[PDB]
$ cat query_3.csv   # CSV, C-alpha atoms
chain,number,residue,atom,x,y,z
C,1,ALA,CA,0.0,0.0,0.0
C,2,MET,CA,1.2,1.3,-2.5
C,3,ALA,CA,-1.5,2.4,-5.0
C,4,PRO,CA,-4.0,5.3,-4.3
C,5,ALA,CA,-7.0,3.2,-3.1
C,6,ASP,CA,-5.0,1.6,-0.3
C,7,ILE,CA,-3.4,4.8,0.8
C,8,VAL,CA,-6.8,6.6,1.1
C,9,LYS,CA,-8.3,3.7,3.0
C,10,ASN,CA,-5.3,3.6,5.4
C,11,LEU,CA,-5.7,7.4,5.9
C,12,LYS,CA,-9.5,7.1,6.3
C,13,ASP,CA,-9.3,4.3,8.9
C,14,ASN,CA,-6.7,6.0,11.1
C,15,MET,CA,-8.5,9.4,11.1
C,16,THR,CA,-11.5,7.4,12.4
C,17,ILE,CA,-9.4,6.0,15.3
C,18,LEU,CA,-8.4,9.6,16.0
C,19,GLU,CA,-12.0,10.7,16.2
C,20,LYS,CA,-12.5,8.5,19.3
C,21,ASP,CA,-5.1,7.2,24.9
C,22,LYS,CA,-1.8,5.9,23.6
C,23,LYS,CA,-3.0,4.1,20.5
C,24,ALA,CA,-3.5,7.6,19.0
C,25,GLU,CA,0.2,8.1,18.4
C,26,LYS,CA,0.6,5.1,16.0
C,27,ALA,CA,-2.5,6.4,14.2
C,28,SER,CA,-1.0,9.9,13.8
C,29,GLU,CA,2.2,8.1,12.6
C,30,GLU,CA,0.1,6.2,10.0
C,31,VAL,CA,-1.8,9.4,9.1
C,32,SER,CA,1.5,11.2,8.4
C,33,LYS,CA,2.8,8.1,6.6
C,34,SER,CA,-0.3,8.2,4.3
C,35,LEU,CA,-0.1,12.0,3.7
C,36,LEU,CA,3.5,11.8,2.7
C,37,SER,CA,2.7,9.1,0.1
C,38,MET,CA,-0.2,11.1,-1.1
C,39,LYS,CA,2.0,14.0,-1.9
C,40,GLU,CA,4.5,11.6,-3.4
C,41,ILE,CA,1.8,10.3,-5.8
C,42,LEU,CA,0.9,13.8,-7.0
C,43,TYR,CA,4.5,14.4,-7.8
C,44,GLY,CA,6.9,11.5,-7.9
C,45,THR,CA,10.7,11.1,-7.3
C,46,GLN,CA,2.3,8.9,-13.0
C,47,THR,CA,-0.7,10.7,-14.5
C,48,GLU,CA,-3.5,8.1,-13.9
C,49,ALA,CA,-2.4,7.3,-10.4
C,50,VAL,CA,-3.1,11.0,-9.7
C,51,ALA,CA,-6.4,10.5,-11.5
C,52,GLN,CA,-7.1,7.5,-9.3
C,53,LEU,CA,-6.1,9.2,-6.1
C,54,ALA,CA,-8.5,12.0,-7.1
C,55,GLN,CA,-11.3,9.5,-7.7
C,56,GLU,CA,-10.6,7.7,-4.4
C,57,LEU,CA,-10.6,10.9,-2.4
C,58,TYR,CA,-14.1,11.7,-3.7
C,59,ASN,CA,-15.6,8.3,-3.0
C,60,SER,CA,-14.1,8.0,0.5
C,61,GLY,CA,-15.3,11.4,1.5
C,62,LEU,CA,-11.8,11.8,2.9
C,63,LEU,CA,-11.7,15.4,1.7
C,64,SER,CA,-14.6,16.0,4.1
C,65,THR,CA,-13.1,14.0,7.0
C,66,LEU,CA,-9.7,15.8,6.7
C,67,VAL,CA,-11.4,19.2,7.0
C,68,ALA,CA,-13.8,17.9,9.7
C,69,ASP,CA,-11.0,16.4,11.7
C,70,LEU,CA,-8.3,18.9,10.9
C,71,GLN,CA,-7.6,19.6,14.6
C,72,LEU,CA,-6.7,15.9,15.0
C,73,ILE,CA,-3.7,16.1,12.6
C,74,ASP,CA,-0.3,17.6,13.6
C,75,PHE,CA,1.2,20.9,12.4
C,76,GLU,CA,3.2,19.4,9.5
C,77,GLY,CA,0.2,17.3,8.7
C,78,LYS,CA,-2.4,20.1,8.5
C,79,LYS,CA,-0.3,21.7,5.8
C,80,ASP,CA,0.0,18.5,3.8
C,81,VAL,CA,-3.8,18.3,3.9
C,82,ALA,CA,-3.9,21.9,2.6
C,83,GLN,CA,-1.4,21.2,-0.2
C,84,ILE,CA,-3.0,18.0,-1.4
C,85,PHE,CA,-6.5,19.5,-1.2
C,86,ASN,CA,-5.3,22.5,-3.2
C,87,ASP,CA,-3.7,20.2,-5.9
C,88,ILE,CA,-6.8,18.1,-6.4
C,89,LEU,CA,-8.9,21.3,-6.5
C,90,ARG,CA,-7.1,22.4,-9.7
C,91,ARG,CA,-7.2,19.0,-11.4
C,92,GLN,CA,-8.7,19.2,-14.9
C,93,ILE,CA,-10.4,16.8,-17.3
C,94,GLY,CA,-10.8,19.1,-20.4
C,95,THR,CA,-12.9,22.2,-19.7
C,96,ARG,CA,-14.2,20.4,-16.6
C,97,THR,CA,-13.1,20.8,-13.0
C,98,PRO,CA,-14.3,17.7,-11.2
C,99,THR,CA,-13.4,18.7,-7.6
C,100,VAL,CA,-15.5,21.8,-8.0
C,101,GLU,CA,-18.3,19.7,-9.4
C,102,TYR,CA,-17.7,17.3,-6.4
C,103,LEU,CA,-17.7,20.1,-3.8
C,104,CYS,CA,-21.1,21.5,-5.1
C,105,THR,CA,-22.6,18.2,-3.9
C,106,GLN,CA,-20.5,18.3,-0.8
C,107,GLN,CA,-20.9,21.9,0.4
C,108,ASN,CA,-20.4,21.2,4.1
C,109,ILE,CA,-16.7,21.1,3.4
C,110,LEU,CA,-16.9,24.8,2.4
C,111,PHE,CA,-19.0,25.6,5.5
C,112,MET,CA,-16.5,23.7,7.8
C,113,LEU,CA,-13.7,25.8,6.2
C,114,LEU,CA,-15.3,29.2,7.0
C,115,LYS,CA,-16.2,28.0,10.5
C,116,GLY,CA,-12.6,27.1,10.9
C,117,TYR,CA,-11.7,30.7,11.6
C,118,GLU,CA,-13.1,30.3,15.1
C,119,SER,CA,-10.5,27.6,15.8
C,120,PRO,CA,-7.0,29.2,16.2
C,121,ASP,CA,-5.1,25.9,15.6
C,122,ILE,CA,-6.7,25.5,12.2
C,123,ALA,CA,-8.0,28.9,11.2
C,124,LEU,CA,-5.0,29.8,8.9
C,125,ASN,CA,-5.2,26.4,7.3
C,126,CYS,CA,-8.9,26.6,6.6
C,127,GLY,CA,-8.5,30.1,5.2
C,128,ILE,CA,-5.7,28.9,2.8
C,129,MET,CA,-7.9,26.1,1.4
C,130,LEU,CA,-11.0,28.4,1.3
C,131,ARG,CA,-9.3,31.1,-0.8
C,132,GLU,CA,-8.4,28.3,-3.2
C,133,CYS,CA,-12.0,27.0,-3.4
C,134,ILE,CA,-13.6,30.4,-4.0
C,135,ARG,CA,-11.2,30.9,-7.0
C,136,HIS,CA,-13.9,28.9,-8.7
C,137,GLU,CA,-17.2,30.8,-9.2
C,138,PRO,CA,-19.6,28.1,-8.1
C,139,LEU,CA,-17.8,27.7,-4.9
C,140,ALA,CA,-17.5,31.4,-4.4
C,141,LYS,CA,-21.3,31.8,-4.9
C,142,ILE,CA,-22.1,29.2,-2.2
C,143,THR,CA,-19.8,30.9,0.2
C,144,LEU,CA,-20.8,34.5,-0.5
C,145,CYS,CA,-24.5,33.8,-0.6
C,146,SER,CA,-24.6,31.8,2.6
C,147,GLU,CA,-25.9,33.6,5.7
C,148,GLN,CA,-22.6,32.6,7.3
C,149,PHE,CA,-20.8,35.1,5.0
C,150,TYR,CA,-21.6,37.8,7.5
C,151,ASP,CA,-19.5,35.9,10.0
C,152,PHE,CA,-16.5,37.4,8.1
C,153,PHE,CA,-17.3,40.8,9.7
C,154,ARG,CA,-16.8,39.1,13.0
C,155,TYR,CA,-13.7,37.3,11.9
C,156,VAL,CA,-11.8,40.4,10.9
C,157,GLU,CA,-12.6,42.3,14.1
C,158,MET,CA,-10.9,39.5,16.1
C,159,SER,CA,-8.1,40.2,18.6
C,160,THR,CA,-5.9,37.8,16.7
C,161,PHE,CA,-4.4,40.1,14.1
C,162,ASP,CA,-3.0,37.4,11.9
C,163,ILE,CA,-6.3,35.4,11.8
C,164,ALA,CA,-8.3,38.6,11.4
C,165,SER,CA,-5.9,39.7,8.6
C,166,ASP,CA,-6.2,36.4,6.8
C,167,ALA,CA,-10.0,36.4,7.0
C,168,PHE,CA,-9.9,39.8,5.3
C,169,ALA,CA,-7.9,38.3,2.4
C,170,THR,CA,-10.8,35.9,1.9
C,171,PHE,CA,-13.5,38.5,2.6
C,172,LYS,CA,-11.8,40.8,0.0
C,173,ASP,CA,-11.4,38.1,-2.7
C,174,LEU,CA,-15.0,37.1,-2.5
C,175,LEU,CA,-16.1,40.7,-3.1
C,176,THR,CA,-13.7,41.3,-6.0
C,177,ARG,CA,-12.6,38.2,-8.0
C,178,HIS,CA,-15.9,37.3,-9.6
C,179,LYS,CA,-17.3,40.7,-10.5
C,180,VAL,CA,-20.8,39.9,-11.7
C,181,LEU,CA,-21.5,37.5,-8.8
C,182,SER,CA,-20.2,40.1,-6.4
C,183,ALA,CA,-22.2,42.9,-8.0
C,184,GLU,CA,-25.5,41.0,-7.9
C,185,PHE,CA,-24.9,40.3,-4.3
C,186,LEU,CA,-24.2,43.9,-3.3
C,187,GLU,CA,-27.2,45.3,-5.1
C,188,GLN,CA,-29.6,42.7,-3.6
C,189,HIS,CA,-28.1,42.8,-0.1
C,190,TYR,CA,-27.0,46.5,0.0
C,191,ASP,CA,-28.6,47.8,3.2
C,192,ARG,CA,-27.4,45.0,5.3
C,193,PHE,CA,-23.9,44.6,3.9
C,194,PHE,CA,-23.1,48.3,4.2
C,195,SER,CA,-24.7,48.6,7.6
C,196,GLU,CA,-22.1,46.1,8.6
C,197,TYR,CA,-19.4,47.6,6.4
C,198,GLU,CA,-19.7,51.0,8.2
C,199,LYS,CA,-18.8,49.2,11.4
C,200,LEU,CA,-15.5,48.1,9.8
C,201,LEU,CA,-14.8,51.8,9.2
C,202,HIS,CA,-14.6,52.5,12.9
C,203,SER,CA,-12.4,49.5,13.8
C,204,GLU,CA,-10.1,49.4,16.9
C,205,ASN,CA,-7.9,47.3,14.7
C,206,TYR,CA,-6.1,49.9,12.5
C,207,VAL,CA,-5.3,47.5,9.7
C,208,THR,CA,-8.9,46.5,9.4
C,209,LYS,CA,-9.9,50.2,9.2
C,210,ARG,CA,-7.4,51.1,6.5
C,211,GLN,CA,-7.8,48.0,4.4
C,212,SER,CA,-11.6,48.3,4.6
C,213,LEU,CA,-11.3,51.9,3.5
C,214,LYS,CA,-9.1,51.0,0.6
C,215,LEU,CA,-11.5,48.3,-0.5
C,216,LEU,CA,-14.5,50.6,-0.4
C,217,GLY,CA,-12.8,52.9,-2.9
C,218,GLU,CA,-11.9,50.0,-5.3
C,219,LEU,CA,-15.5,48.7,-5.2
C,220,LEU,CA,-16.8,52.1,-6.0
C,221,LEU,CA,-14.4,52.3,-8.9
C,222,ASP,CA,-15.4,49.0,-10.6
C,223,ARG,CA,-18.1,49.3,-13.3
C,224,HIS,CA,-20.2,46.2,-12.4
C,225,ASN,CA,-20.9,47.9,-9.1
C,226,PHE,CA,-22.1,51.1,-10.7
C,227,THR,CA,-25.6,50.8,-9.3
C,228,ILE,CA,-24.0,50.3,-5.9
C,229,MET,CA,-21.7,53.3,-6.2
C,230,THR,CA,-24.5,55.6,-7.2
C,231,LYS,CA,-26.6,54.5,-4.2
C,232,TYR,CA,-23.6,54.8,-1.9
C,233,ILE,CA,-22.6,58.3,-2.9
C,234,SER,CA,-26.3,59.3,-2.5
C,235,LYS,CA,-26.3,59.2,1.3
C,236,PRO,CA,-25.2,62.3,3.3
C,237,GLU,CA,-24.1,60.2,6.2
C,238,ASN,CA,-21.6,58.3,4.0
C,239,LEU,CA,-20.1,61.5,2.6
C,240,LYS,CA,-20.1,63.0,6.1
C,241,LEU,CA,-17.9,60.2,7.2
C,242,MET,CA,-15.5,60.4,4.3
C,243,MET,CA,-14.7,64.1,4.7
C,244,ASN,CA,-14.4,63.3,8.4
C,245,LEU,CA,-11.9,60.6,7.7
C,246,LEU,CA,-10.0,63.0,5.5
C,247,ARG,CA,-9.0,65.0,8.6
C,248,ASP,CA,-8.1,61.8,10.4
C,249,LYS,CA,-4.8,61.7,12.5
C,250,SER,CA,-3.4,59.0,10.2
C,251,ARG,CA,-1.8,59.9,6.9
C,252,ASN,CA,-2.8,56.6,5.3
C,253,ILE,CA,-6.4,56.8,6.5
C,254,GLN,CA,-6.6,60.3,4.9
C,255,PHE,CA,-5.2,58.9,1.6
C,256,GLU,CA,-7.5,55.9,1.4
C,257,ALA,CA,-10.5,58.0,2.4
C,258,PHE,CA,-9.6,60.4,-0.5
C,259,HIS,CA,-10.2,57.6,-3.0
C,260,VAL,CA,-13.7,57.2,-1.6
C,261,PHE,CA,-14.3,60.9,-1.3
C,262,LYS,CA,-13.2,61.5,-4.9
C,263,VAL,CA,-16.1,59.5,-6.2
C,264,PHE,CA,-18.6,61.5,-4.2
C,265,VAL,CA,-17.6,64.8,-5.8
C,266,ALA,CA,-17.2,63.6,-9.4
C,267,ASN,CA,-20.9,62.5,-9.4
C,268,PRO,CA,-22.8,64.7,-11.9
C,269,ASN,CA,-26.3,63.9,-10.5
C,270,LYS,CA,-25.8,64.8,-6.8
C,271,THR,CA,-28.8,64.8,-4.5
C,272,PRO,CA,-29.6,68.1,-2.6
C,273,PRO,CA,-28.4,66.9,0.8
C,274,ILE,CA,-25.1,65.9,-0.9
C,275,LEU,CA,-24.8,69.2,-2.7
C,276,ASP,CA,-25.6,71.3,0.4
C,277,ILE,CA,-22.8,69.7,2.4
C,278,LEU,CA,-20.3,70.5,-0.4
C,279,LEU,CA,-21.4,74.1,-0.8
C,280,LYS,CA,-21.4,74.7,3.0
C,281,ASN,CA,-17.9,73.2,3.1
C,282,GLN,CA,-16.8,74.6,-0.3
C,283,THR,CA,-14.3,77.1,0.9
C,284,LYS,CA,-12.9,74.7,3.5
C,285,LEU,CA,-12.4,71.9,1.0
C,286,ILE,CA,-10.8,74.1,-1.7
C,287,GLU,CA,-8.2,75.2,0.9
C,288,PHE,CA,-7.8,71.6,2.3
C,289,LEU,CA,-7.1,69.7,-0.9
C,290,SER,CA,-4.6,72.5,-1.8
C,291,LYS,CA,-2.4,71.5,1.1
C,292,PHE,CA,-3.3,67.8,1.0
C,293,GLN,CA,-0.3,65.5,0.8
C,294,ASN,CA,1.6,67.6,-1.7
C,295,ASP,CA,4.7,66.1,-0.2
C,296,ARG,CA,3.6,62.8,-1.6
C,297,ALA,CA,3.1,63.9,-5.2
C,298,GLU,CA,4.9,61.6,-7.8
C,299,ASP,CA,1.7,59.6,-7.8
C,300,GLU,CA,0.9,62.1,-10.6
C,301,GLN,CA,-2.7,60.6,-11.0
C,302,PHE,CA,-3.1,61.8,-7.4
C,303,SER,CA,-1.9,65.3,-8.0
C,304,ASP,CA,-4.1,65.6,-11.1
C,305,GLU,CA,-7.0,64.2,-9.1
C,306,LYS,CA,-6.6,66.9,-6.5
C,307,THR,CA,-6.6,69.5,-9.3
C,308,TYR,CA,-9.8,68.0,-10.6
C,309,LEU,CA,-11.5,67.8,-7.3
C,310,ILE,CA,-10.7,71.5,-6.5
C,311,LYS,CA,-12.0,72.6,-9.9
C,312,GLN,CA,-15.1,70.6,-9.3
C,313,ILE,CA,-15.9,72.1,-5.9
C,314,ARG,CA,-15.5,75.5,-7.5
C,315,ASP,CA,-17.9,74.9,-10.3
C,316,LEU,CA,-20.7,73.5,-8.1
$ encode --input "query_3.csv" --output "structure tokens"
Amino acid sequence: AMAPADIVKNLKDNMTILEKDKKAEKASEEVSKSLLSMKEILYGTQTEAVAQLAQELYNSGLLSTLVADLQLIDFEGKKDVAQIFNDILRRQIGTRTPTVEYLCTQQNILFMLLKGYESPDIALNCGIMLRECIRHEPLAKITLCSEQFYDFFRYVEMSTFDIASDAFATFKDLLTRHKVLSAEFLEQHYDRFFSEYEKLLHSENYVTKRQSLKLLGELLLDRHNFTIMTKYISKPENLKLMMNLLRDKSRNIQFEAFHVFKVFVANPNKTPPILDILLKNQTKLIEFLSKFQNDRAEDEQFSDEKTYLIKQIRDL
């Protein structure tokens, strides 16, 4: 054992033993022994053996066991699970991606990957496999459109700034990789998402505040999200926050807020409560953007943007 079917069964059987001592050590030894040969199969110090290993992992449900029992495997083992999972995920048979097709009928794997962020010993592992899953649109849809997507807002506000930071990479990708899927989601779930997104903009975690601010701007810049940008830059309270984040203590918060603020002003069809705020603050803004990070410069698109914004406020 030798040959994929036997390796999978040996891995399956020992993980079971671990789900239950002293007999656990030999099982972990046999788990590691099986994971090492599984990587060996994928590489090889044979194409169909990889195709067989793939087929056997599906049938055994071992892809689900390994995610469900990830805390039972050791440090070096958890990463081997991550690597193998991620290899099989990209396997192709023509224009078909079987593992994605498989995962659509085995969706609990995805849900037990998102839920893994609440388990510090496996959070980073789960996040790594999850970002790989959601690279594929059907898997991203399931994740994004689940009610458990909103758990992300909790995961990034964590007190573990490496877990929280990793969760944001996944949160961020889901909202940006598959544009249409992401745009449909935001339009349909606007009020709730942005009611939660504002909370990210007041974070005690600085990294979460800046990175959220940077993302807000990028979203507002993408076409697909046009309907969302228009609705966004139509609320006085949202603008009131962005001019307020412009005067923030942090140089970088000011800069990221700028790229959100910039969209508010360039809007031709402003609403009265948006227009009134700009007129009432016309002279203050014209003076402000004239002294705003001129030391930066070199960004050249930034300098020209300031010139554009100042001209705009003047011609209101």
$ residues_around --input "query_3.csv" --residues "residue C:128" --least-positions-apart "6" --cutoff "10 Å" --atoms "all atoms listed in the file" --output "ChimeraX atom specification"
/C:79,82-83,86,113,166-167,169-170
$ atom_distance --input "query_3.csv" --atom1 "atom CA of residue C:24" --atom2 "atom CA of residue C:76"
16.6 Å
$ atom_distance --input "query_3.csv" --atom1 "atom CA of residue C:176" --atom2 "atom CA of residue C:218"
8.9 Å
$ closest_residue --input "query_3.csv" --among "C:312, C:208, C:267, C:97" --to "residue C:289" --atoms "only C-alpha atoms"
C:312
$ atom_distance --input "query_3.csv" --atom1 "atom CA of residue C:88" --atom2 "atom CA of residue C:138"
16.3 Å
$ residues_around --input "query_3.csv" --residues "stretch 34-38 of chain C" --least-positions-apart "3" --cutoff "9 Å" --atoms "only C-alpha atoms" --output "MDAnalysis selection string"
chainID C and resid 2 4 7:8 10:11 29:31 41:43 53 77 80:81 84
$ closest_residue --input "query_3.csv" --among "C:125, C:14, C:225, C:108" --to "residue C:182" --atoms "all atoms listed in the file"
C:225
$ closest_residue --input "query_3.csv" --among "C:177, C:280, C:251, C:270" --to "residue C:296" --atoms "all atoms listed in the file"
C:251
$ closest_residue --input "query_3.csv" --among "C:141, C:90, C:73, C:206" --to "residue C:104" --atoms "all atoms listed in the file"
C:141
$ residues_around --input "query_3.csv" --residues "residue C:313" --least-positions-apart "3" --cutoff "12 Å" --atoms "all atoms listed in the file" --output "tab-separated table (two decimals) with C-alpha atoms, keeping the file's coordinate frame"
chain	number	residue	atom	x	y	z
C	262	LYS	CA	-13.20	61.50	-4.90
C	264	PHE	CA	-18.60	61.50	-4.20
C	265	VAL	CA	-17.60	64.80	-5.80
C	266	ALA	CA	-17.20	63.60	-9.40
C	267	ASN	CA	-20.90	62.50	-9.40
C	268	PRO	CA	-22.80	64.70	-11.90
C	275	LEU	CA	-24.80	69.20	-2.70
C	276	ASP	CA	-25.60	71.30	0.40
C	277	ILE	CA	-22.80	69.70	2.40
C	278	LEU	CA	-20.30	70.50	-0.40
C	279	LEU	CA	-21.40	74.10	-0.80
C	280	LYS	CA	-21.40	74.70	3.00
C	281	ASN	CA	-17.90	73.20	3.10
C	282	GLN	CA	-16.80	74.60	-0.30
C	283	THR	CA	-14.30	77.10	0.90
C	284	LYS	CA	-12.90	74.70	3.50
C	285	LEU	CA	-12.40	71.90	1.00
C	286	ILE	CA	-10.80	74.10	-1.70
C	287	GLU	CA	-8.20	75.20	0.90
C	288	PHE	CA	-7.80	71.60	2.30
C	289	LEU	CA	-7.10	69.70	-0.90
C	306	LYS	CA	-6.60	66.90	-6.50
C	307	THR	CA	-6.60	69.50	-9.30
C	308	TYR	CA	-9.80	68.00	-10.60
C	309	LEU	CA	-11.50	67.80	-7.30
C	310	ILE	CA	-10.70	71.50	-6.50
C	316	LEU	CA	-20.70	73.50	-8.10
$ closest_residue --input "query_3.csv" --among "C:85, C:171, C:302, C:232" --to "residue C:65" --atoms "all atoms listed in the file"
C:85
$ residues_around --input "query_3.csv" --residues "residue C:124" --least-positions-apart "6" --cutoff "12 Å" --atoms "only C-alpha atoms" --output "list in words"
residues 70, 71, 75, 78, 79, 82, 113, 114, 115, 116, 117, 118, 130, 131, 155, 160, 161, 162, 163, 164, 165, 166, 167, 168, 169 and 170 of chain C
$ residues_near_point --input "query_3.csv" --point "(-19.3, 60.7, 1.0)" --cutoff "12 Å" --atoms "only C-alpha atoms" --output "ChimeraX atom specification"
/C:216-217,220,229-246,257-267,270-271,273-275,277-278
$ decode --input "query_3.csv" --residues "stretch 119-134 of chain C" --atoms "N, CA and C atoms" --output "tab-separated table (two decimals), in the first residue's frame"
chain	number	residue	atom	x	y	z
C	119	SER	N	-11.34	28.59	15.19
C	119	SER	CA	-10.47	27.60	15.81
C	119	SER	C	-9.03	27.94	15.46
C	120	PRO	N	-8.36	28.67	16.37
C	120	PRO	CA	-7.01	29.22	16.16
C	120	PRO	C	-5.96	28.21	15.70
C	121	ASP	N	-6.13	26.93	16.03
C	121	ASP	CA	-5.15	25.93	15.63
C	121	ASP	C	-5.29	25.53	14.16
C	122	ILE	N	-6.42	25.86	13.55
C	122	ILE	CA	-6.67	25.46	12.16
C	122	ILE	C	-7.19	26.60	11.29
C	123	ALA	N	-7.41	27.77	11.89
C	123	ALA	CA	-7.96	28.92	11.17
C	123	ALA	C	-7.16	29.27	9.92
C	124	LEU	N	-5.85	29.43	10.06
C	124	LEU	CA	-4.99	29.79	8.94
C	124	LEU	C	-5.01	28.72	7.85
C	125	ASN	N	-5.10	27.46	8.26
C	125	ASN	CA	-5.17	26.35	7.32
C	125	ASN	C	-6.45	26.39	6.50
C	126	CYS	N	-7.58	26.53	7.20
C	126	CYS	CA	-8.89	26.59	6.56
C	126	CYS	C	-8.99	27.76	5.59
C	127	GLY	N	-8.49	28.92	6.01
C	127	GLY	CA	-8.48	30.10	5.17
C	127	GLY	C	-7.71	29.89	3.89
C	128	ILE	N	-6.59	29.18	3.99
C	128	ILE	CA	-5.75	28.91	2.83
C	128	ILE	C	-6.48	28.03	1.81
C	129	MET	N	-7.15	26.98	2.29
C	129	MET	CA	-7.91	26.10	1.41
C	129	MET	C	-9.14	26.82	0.85
C	130	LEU	N	-9.77	27.66	1.68
C	130	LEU	CA	-10.96	28.39	1.27
C	130	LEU	C	-10.73	29.42	0.16
C	131	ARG	N	-9.61	30.13	0.22
C	131	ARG	CA	-9.31	31.11	-0.82
C	131	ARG	C	-9.08	30.39	-2.13
C	132	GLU	N	-8.58	29.16	-2.05
C	132	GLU	CA	-8.38	28.32	-3.23
C	132	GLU	C	-9.69	27.79	-3.81
C	133	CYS	N	-10.63	27.44	-2.95
C	133	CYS	CA	-11.95	26.99	-3.39
C	133	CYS	C	-12.71	28.08	-4.13
C	134	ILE	N	-12.77	29.26	-3.51
C	134	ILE	CA	-13.55	30.37	-4.03
C	134	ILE	C	-12.95	31.01	-5.27
